[PDB]
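Accompanying notes for the structure given below.
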Amino acid sequence: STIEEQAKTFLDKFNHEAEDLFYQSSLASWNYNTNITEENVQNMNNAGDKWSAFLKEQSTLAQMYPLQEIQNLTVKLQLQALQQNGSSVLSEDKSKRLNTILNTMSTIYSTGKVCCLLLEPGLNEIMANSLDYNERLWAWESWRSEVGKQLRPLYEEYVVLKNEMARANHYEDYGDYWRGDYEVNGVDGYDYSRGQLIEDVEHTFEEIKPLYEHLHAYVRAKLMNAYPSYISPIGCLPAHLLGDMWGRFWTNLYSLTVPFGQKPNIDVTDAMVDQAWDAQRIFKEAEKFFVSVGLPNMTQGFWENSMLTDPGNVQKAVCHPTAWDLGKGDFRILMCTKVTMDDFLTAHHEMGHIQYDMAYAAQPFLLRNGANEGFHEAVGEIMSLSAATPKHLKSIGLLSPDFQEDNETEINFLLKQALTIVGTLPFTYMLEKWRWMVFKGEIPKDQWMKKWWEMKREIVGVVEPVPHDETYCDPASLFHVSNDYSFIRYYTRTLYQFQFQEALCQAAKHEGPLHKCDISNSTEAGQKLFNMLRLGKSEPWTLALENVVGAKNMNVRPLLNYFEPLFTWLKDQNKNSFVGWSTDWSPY
Amino acid sequence: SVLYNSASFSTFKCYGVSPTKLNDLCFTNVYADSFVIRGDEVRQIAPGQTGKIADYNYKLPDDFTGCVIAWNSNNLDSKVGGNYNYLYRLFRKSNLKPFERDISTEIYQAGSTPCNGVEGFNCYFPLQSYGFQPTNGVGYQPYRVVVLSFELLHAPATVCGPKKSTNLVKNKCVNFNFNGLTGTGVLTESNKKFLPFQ
């Protein structure tokens, strides 16, 4: 026997044993997520202990296999994600010390009380619905003086420990670990080194600034009615006037900014009460969306094992919107589905991930994963975007076939989407580039506050509402930082949302703007969609993008076509105030 | 004929011999290979396939003159949370001829190191466990496949088919056929007797 022939024996040996252990790890955790019981806590720890020990002992037997003699454009990609060094490459002393920091930063963030008052929905309502300048300021200033102080010493050690871990896996700094997933090396023609990922984003960000300047000027000129003195017509915006605690989610600002009071958005909540919708017809109408397009249908066990109802009074638990994948043909969804419009738009988000896992059903367990971390959520965004067009809701049961698309109605529809998709784009791009310079050496350890505040005025446009010092720490109180996660997956999610939508809407005779498109009864747009979903981890992300769009690089052009009517209305409205912001202005 | 329209089987494919011609056809020896496999392994049971199940476990010839009976249970059998009752061979260092059973619990040798007894590296366990769970989809359900073997040798075939009998009309000059003797006459009653062995 040779090398590639004996390598296939270890794959089938591991796949026939990992799927049995991974199914017990997800089944034990599913019982705790559907019924609060102390007995289910021990079953999750016992199932996770055997899974964590079996994965580490099988990776050692694959270390002696050469990583350069297997050529098949499929098996080579499986060994790169299995023969990795991982967090156990360091010594036994620094291994247990690094895991302790990850548990302390998550405890303070989850128990951060302001005396008591919790974060959400505790301080979330104060930072949104308040209509005052001296009321919502105390909720933001006290959060940095209590949570930022307890996370400052735990964040300094997080930089030095994670930097040495990345250098042991043949890299430069810690920033290369998050970018190593997009890096492709070993195939033929589909190569993509790290020298190109650094320039793909910095170029498209220069063209989105004119779109952000018109959106930021509309929020600044709107708050001048409530308080003219506190808001400068040419200045920036304080950090306590963005809705979110960290200034990332601008969805709460939609309640204070309303362009049209005559033609508001559509509401399909009352239309489902008369048509008998007992939280079951939502999934039935959503099933047809994945049938007449060219995608596989559902299964019989999907409607009998996935808890999609209410726990009632005898049982109670949680239901965070997150898709599950138990494996071996078992797929369940844990979402409390009610009878309103909020649950109708979010039903198609996790539903797109179900068709993703069903694409690579005949593939081994080592290929049941996306090409990158920024592609899993990209499948759920293109399904929820088409599920919000009034034309899509007209051909189904709910809504009235007498409603037509109005020019003034689309103005309010693009405003709420610009405060979430591109609303967090400048904040994500700034926070991602700021952390990449800490591990390198461009930002000193004692110059975090001096660098973080001077970059917000030049990109986001947020000054200092209250003078601080070099002791506070703002980025350490983030859900994706205190729990060890990457923020680069959200930046590419907003760009890949419009790239995959323009390709499907082009074959469906829906050119021009993307807000009037409707993916329904289109067999051609469904064939190209299943190609990149079936590939999974078998092929790099460069091939998955060409099969739908046609290229291998990101582009901001499809992002501007969806906001074309919004960019024109903001230009003729913000011309009376000021287009831009002055970084030399300070409220104090 | 009664085993085709019984409405108790999922799939019923016949190769070579038609499913509507074996009712009155004689067969020498009739065999039945009853076994249970997975859902994706049902398509592999065909004269002319290959893989890891139809090559090392149950080998099928190039030509097949019979039917393939397979239904679904997924109840009265199987378990929740995994199946730990039956096993199946995955890899094997040597091939097997068609119509041959392998009951040797040997160890597959992937590398060049001698296995059979000692494991650890390049010596994996070939017998794998199933996954019959009623909470999965369709391709993960147990299907009991009963392969029928229809052979025709020089031995006198004693397995044919029941002939359909009719009524008995008398006092009429009609046609009859008794023991392959085609005749046309009147079947009138008789009082004399013949011999019991004739």
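Residues are referred to by chain and number: the chain letter is A, B, ... according to the order shown in the structure tokens, the number counts from 1 in that chain, and ligands are numbered separately from 1 in the order shown.
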Worksheet item: Can you list, as a ChimeraX atom specification, every residue of stretch 228-438 of chain A that DSSP puts in alpha helix (DSSP H)?
Response: /A:270-274,281-288,302-305,342-345,347-357,376-386,409-418,425-438
Discussion item. Using only C-alpha atoms and a distance of at most 7 Å, pull out the residues of chain B that contact chain A, as a list in words.
Written reply: residues 110, 111, 135, 136, 137 and 140 of chain B
Please write the residues from the selection above to a file, keeping C-alpha atoms, as a CSV table (one decimal), in the first residue's frame.
```csv
chain,number,residue,atom,x,y,z
B,110,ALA,CA,-3.6,-0.6,6.2
B,111,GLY,CA,0.2,-0.1,6.4
B,135,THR,CA,-35.1,10.4,15.1
B,136,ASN,CA,-33.0,10.7,11.9
B,137,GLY,CA,-34.1,11.0,8.3
B,140,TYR,CA,-30.5,6.3,8.4
```
DSSP on the backbone: which residues in chain B end up as strand (DSSP E)? Give the answer as a tab-separated table (two decimals) with N, CA, C and O atoms, in the first residue's frame.
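states.tsv, written as the output of this step:
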```
chain	number	residue	atom	x	y	z
B	11	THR	N	-39.70	-1.65	-1.33
B	11	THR	CA	-39.14	-1.77	-2.66
B	11	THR	C	-39.21	-3.22	-3.14
B	11	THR	O	-39.15	-4.16	-2.34
B	12	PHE	N	-39.32	-3.38	-4.45
B	12	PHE	CA	-39.38	-4.71	-5.05
B	12	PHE	C	-38.85	-4.66	-6.48
B	12	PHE	O	-39.62	-4.53	-7.44
B	13	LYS	N	-37.53	-4.77	-6.63
B	13	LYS	CA	-36.89	-4.74	-7.94
B	13	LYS	C	-36.44	-6.14	-8.33
B	13	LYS	O	-35.90	-6.88	-7.51
B	14	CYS	N	-36.66	-6.49	-9.60
B	14	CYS	CA	-36.28	-7.79	-10.13
B	14	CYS	C	-35.32	-7.59	-11.29
B	14	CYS	O	-35.56	-6.75	-12.17
B	15	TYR	N	-34.23	-8.35	-11.29
B	15	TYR	CA	-33.22	-8.28	-12.34
B	15	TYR	C	-33.27	-9.55	-13.18
B	15	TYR	O	-33.32	-10.66	-12.64
B	29	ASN	N	-33.31	-24.67	-7.47
B	29	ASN	CA	-33.03	-24.32	-6.08
B	29	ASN	C	-33.33	-22.85	-5.87
B	29	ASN	O	-32.91	-22.00	-6.66
B	30	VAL	N	-34.07	-22.54	-4.80
B	30	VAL	CA	-34.43	-21.17	-4.45
B	30	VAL	C	-33.82	-20.87	-3.09
B	30	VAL	O	-34.11	-21.56	-2.10
B	31	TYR	N	-32.99	-19.83	-3.03
B	31	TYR	CA	-32.32	-19.42	-1.81
B	31	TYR	C	-32.82	-18.04	-1.38
B	31	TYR	O	-33.47	-17.33	-2.15
B	32	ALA	N	-32.50	-17.68	-0.14
B	32	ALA	CA	-32.91	-16.40	0.42
B	32	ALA	C	-31.84	-15.93	1.39
B	32	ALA	O	-31.53	-16.62	2.37
B	33	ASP	N	-31.27	-14.75	1.13
B	33	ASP	CA	-30.25	-14.15	1.97
B	33	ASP	C	-30.88	-12.97	2.70
B	33	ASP	O	-30.97	-11.87	2.16
B	34	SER	N	-31.31	-13.20	3.94
B	34	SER	CA	-31.96	-12.18	4.74
B	34	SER	C	-30.92	-11.44	5.58
B	34	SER	O	-30.16	-12.06	6.33
B	35	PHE	N	-30.90	-10.11	5.45
B	35	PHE	CA	-29.97	-9.29	6.21
B	35	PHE	C	-30.53	-7.87	6.28
B	35	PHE	O	-31.39	-7.48	5.49
B	36	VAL	N	-30.02	-7.11	7.25
B	36	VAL	CA	-30.44	-5.73	7.47
B	36	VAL	C	-29.23	-4.82	7.30
B	36	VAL	O	-28.15	-5.10	7.84
B	37	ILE	N	-29.40	-3.75	6.53
B	37	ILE	CA	-28.33	-2.79	6.29
B	37	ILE	C	-28.83	-1.38	6.59
B	37	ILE	O	-29.85	-1.20	7.25
B	66	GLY	N	-32.83	-12.67	-10.65
B	66	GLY	CA	-33.75	-12.77	-9.53
B	66	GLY	C	-34.31	-11.43	-9.09
B	66	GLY	O	-34.15	-10.43	-9.80
B	67	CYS	N	-34.96	-11.40	-7.93
B	67	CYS	CA	-35.55	-10.19	-7.39
B	67	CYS	C	-34.85	-9.79	-6.10
B	67	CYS	O	-34.14	-10.58	-5.47
B	68	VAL	N	-35.04	-8.53	-5.72
B	68	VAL	CA	-34.46	-7.97	-4.51
B	68	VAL	C	-35.60	-7.45	-3.65
B	68	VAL	O	-36.24	-6.44	-3.99
B	69	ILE	N	-35.87	-8.13	-2.54
B	69	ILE	CA	-36.94	-7.76	-1.62
B	69	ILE	C	-36.34	-6.97	-0.47
B	69	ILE	O	-35.39	-7.43	0.18
B	70	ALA	N	-36.90	-5.79	-0.21
B	70	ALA	CA	-36.41	-4.93	0.87
B	70	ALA	C	-37.55	-4.04	1.34
B	70	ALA	O	-38.21	-3.39	0.52
B	71	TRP	N	-37.77	-4.01	2.65
B	71	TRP	CA	-38.80	-3.18	3.26
B	71	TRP	C	-38.19	-2.37	4.40
B	71	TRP	O	-36.97	-2.40	4.63
B	72	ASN	N	-39.04	-1.65	5.12
B	72	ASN	CA	-38.62	-0.81	6.24
B	72	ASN	C	-39.24	-1.35	7.52
B	72	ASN	O	-40.41	-1.74	7.53
B	87	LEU	N	-23.20	-5.56	13.69
B	87	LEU	CA	-21.97	-5.00	13.17
B	87	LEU	C	-21.89	-5.26	11.67
B	87	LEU	O	-22.70	-6.00	11.10
B	88	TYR	N	-20.89	-4.65	11.03
B	88	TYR	CA	-20.68	-4.84	9.60
B	88	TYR	C	-19.22	-4.55	9.28
B	88	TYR	O	-18.62	-3.63	9.85
B	89	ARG	N	-18.65	-5.33	8.37
B	89	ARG	CA	-17.27	-5.16	7.97
B	89	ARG	C	-17.13	-3.95	7.04
B	89	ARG	O	-17.95	-3.74	6.15
B	108	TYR	N	-7.82	-5.54	9.63
B	108	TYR	CA	-7.39	-4.93	8.38
B	108	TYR	C	-6.00	-4.30	8.56
B	108	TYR	O	-5.76	-3.57	9.51
B	109	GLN	N	-5.10	-4.61	7.63
B	109	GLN	CA	-3.74	-4.09	7.65
B	109	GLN	C	-3.63	-2.97	6.62
B	109	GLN	O	-3.54	-3.23	5.41
B	123	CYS	N	-3.54	-0.44	12.18
B	123	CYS	CA	-4.27	-1.67	12.48
B	123	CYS	C	-5.61	-1.26	13.09
B	123	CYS	O	-5.78	-1.21	14.31
B	124	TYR	N	-6.58	-0.97	12.23
B	124	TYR	CA	-7.90	-0.52	12.64
B	124	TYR	C	-8.87	-1.69	12.70
B	124	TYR	O	-8.65	-2.76	12.12
B	127	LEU	N	-14.86	-4.20	11.75
B	127	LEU	CA	-16.27	-4.30	12.09
B	127	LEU	C	-16.74	-3.00	12.74
B	127	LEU	O	-16.28	-2.63	13.82
B	128	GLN	N	-17.65	-2.30	12.07
B	128	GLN	CA	-18.19	-1.04	12.56
B	128	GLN	C	-19.62	-1.24	13.05
B	128	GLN	O	-20.29	-2.22	12.73
B	129	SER	N	-20.09	-0.27	13.84
B	129	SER	CA	-21.43	-0.30	14.40
B	129	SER	C	-22.38	0.53	13.54
B	129	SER	O	-21.97	1.47	12.87
B	143	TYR	N	-33.16	-1.19	6.87
B	143	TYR	CA	-33.91	-1.82	5.79
B	143	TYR	C	-33.49	-3.28	5.71
B	143	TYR	O	-32.32	-3.59	5.48
B	144	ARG	N	-34.46	-4.18	5.90
B	144	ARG	CA	-34.20	-5.62	5.84
B	144	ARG	C	-34.25	-6.07	4.39
B	144	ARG	O	-35.34	-6.17	3.80
B	145	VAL	N	-33.09	-6.33	3.81
B	145	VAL	CA	-32.97	-6.74	2.41
B	145	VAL	C	-32.88	-8.26	2.36
B	145	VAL	O	-31.97	-8.85	2.95
B	146	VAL	N	-33.82	-8.89	1.67
B	146	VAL	CA	-33.85	-10.34	1.49
B	146	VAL	C	-33.58	-10.61	0.02
B	146	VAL	O	-34.47	-10.47	-0.83
B	147	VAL	N	-32.36	-11.01	-0.29
B	147	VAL	CA	-31.95	-11.29	-1.67
B	147	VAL	C	-32.30	-12.73	-2.01
B	147	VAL	O	-31.90	-13.66	-1.30
B	148	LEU	N	-33.04	-12.92	-3.09
B	148	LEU	CA	-33.44	-14.24	-3.56
B	148	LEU	C	-32.52	-14.68	-4.68
B	148	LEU	O	-32.19	-13.89	-5.57
B	149	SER	N	-32.10	-15.94	-4.64
B	149	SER	CA	-31.21	-16.52	-5.64
B	149	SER	C	-31.97	-17.59	-6.42
B	149	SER	O	-32.42	-18.58	-5.84
B	150	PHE	N	-32.10	-17.38	-7.73
B	150	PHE	CA	-32.79	-18.31	-8.61
B	150	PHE	C	-31.76	-18.99	-9.49
B	150	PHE	O	-31.17	-18.37	-10.38
B	151	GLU	N	-31.53	-20.28	-9.24
B	151	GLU	CA	-30.57	-21.07	-10.00
B	151	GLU	C	-31.30	-22.11	-10.84
B	151	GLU	O	-32.43	-22.50	-10.55
B	174	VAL	N	-67.79	-29.81	-24.85
B	174	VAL	CA	-66.82	-28.73	-24.69
B	174	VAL	C	-65.41	-29.30	-24.70
B	174	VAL	O	-65.22	-30.52	-24.76
B	175	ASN	N	-64.42	-28.42	-24.63
B	175	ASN	CA	-63.02	-28.82	-24.63
B	175	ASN	C	-62.48	-28.89	-23.21
B	175	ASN	O	-62.86	-28.09	-22.34
B	176	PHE	N	-61.60	-29.86	-22.97
B	176	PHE	CA	-61.00	-30.06	-21.66
B	176	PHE	C	-59.51	-30.32	-21.83
B	176	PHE	O	-59.01	-30.49	-22.94
B	177	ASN	N	-58.80	-30.36	-20.69
B	177	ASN	CA	-57.36	-30.61	-20.70
B	177	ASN	C	-56.99	-31.20	-19.34
B	177	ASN	O	-56.83	-30.46	-18.37
B	178	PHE	N	-56.86	-32.52	-19.30
B	178	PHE	CA	-56.52	-33.25	-18.08
B	178	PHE	C	-55.14	-33.88	-18.25
B	178	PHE	O	-54.95	-34.70	-19.14
B	181	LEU	N	-53.55	-33.62	-21.65
B	181	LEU	CA	-54.21	-34.32	-22.75
B	181	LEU	C	-55.34	-33.44	-23.26
B	181	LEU	O	-56.42	-33.39	-22.67
B	182	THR	N	-55.08	-32.74	-24.36
B	182	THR	CA	-56.08	-31.85	-24.95
B	182	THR	C	-57.16	-32.67	-25.65
B	182	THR	O	-56.86	-33.41	-26.59
B	183	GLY	N	-58.40	-32.52	-25.20
B	183	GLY	CA	-59.50	-33.25	-25.79
B	183	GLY	C	-60.78	-32.43	-25.74
B	183	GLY	O	-60.92	-31.50	-24.95
B	184	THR	N	-61.71	-32.80	-26.62
B	184	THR	CA	-63.00	-32.13	-26.71
B	184	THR	C	-64.09	-33.19	-26.73
B	184	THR	O	-64.24	-33.91	-27.72
B	185	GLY	N	-64.85	-33.28	-25.65
B	185	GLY	CA	-65.91	-34.26	-25.58
B	185	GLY	C	-66.85	-33.98	-24.42
B	185	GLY	O	-66.77	-32.93	-23.78
```
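The spacing separating atom CA of residue A:293 from atom CA of residue A:531 amounts to 13.5 Å.
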Per-residue nearest contacts stretch 363-425 of chain A to stretch 492-507 of chain A, cut-off 7 Å, using only C-alpha atoms, as a Markdown table:
```
| residue | atom | partner | partner_atom | distance |
| --- | --- | --- | --- | --- |
| A:374 | CA | A:493 | CA | 6.0 |
| A:377 | CA | A:493 | CA | 6.8 |
| A:378 | CA | A:493 | CA | 5.2 |
| A:381 | CA | A:497 | CA | 6.1 |
| A:382 | CA | A:497 | CA | 5.5 |
| A:421 | CA | A:494 | CA | 5.9 |
```
Practice prompt. Compile the contact shell of residue B:95 as a list in words: residues with an atom at most 9 Å away, counting only C-alpha atoms, same-chain residues fewer than 5 positions apart removed.
Written response: residues 55, 56 and 59 of chain B
Item to complete: List the neighbours of stretch 445-456 of chain A out to 8 Å using only C-alpha atoms; skip same-chain residues closer than 3 positions along the sequence, and give me the result as a VMD selection string.
Response: chain A and resid 156 430 434 438 459 to 464 469 to 473
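Atom CA of residue A:341 lies 9.4 Å from atom CA of residue A:272.
With distances restricted to only C-alpha atoms, B:160 is the closest residue to residue B:26 from B:167, B:160, B:173, B:54.
With only C-alpha atoms as the basis for measurement, A:33 is the residue among A:95, A:576, A:538, A:33 that approaches residue A:319 most closely.
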Worksheet entry | Gap from atom CA of residue A:64 to atom CA of residue A:99 - Å, one decimal | 28.2 Å
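The smallest atom-to-atom distance between residue A:409 and any of A:260, A:530, A:283, A:365, using only C-alpha atoms, is found for A:260.
Distances to residue A:136 were evaluated for A:511, A:244, A:578, A:65 using only C-alpha atoms, and the minimum falls at A:244.
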Fill in: Nearby residues (only C-alpha atoms) at most 12 Å from residue B:154, same-chain spacing under 4 positions excluded, as a VMD selection string
chain B and resid 27 to 29 158
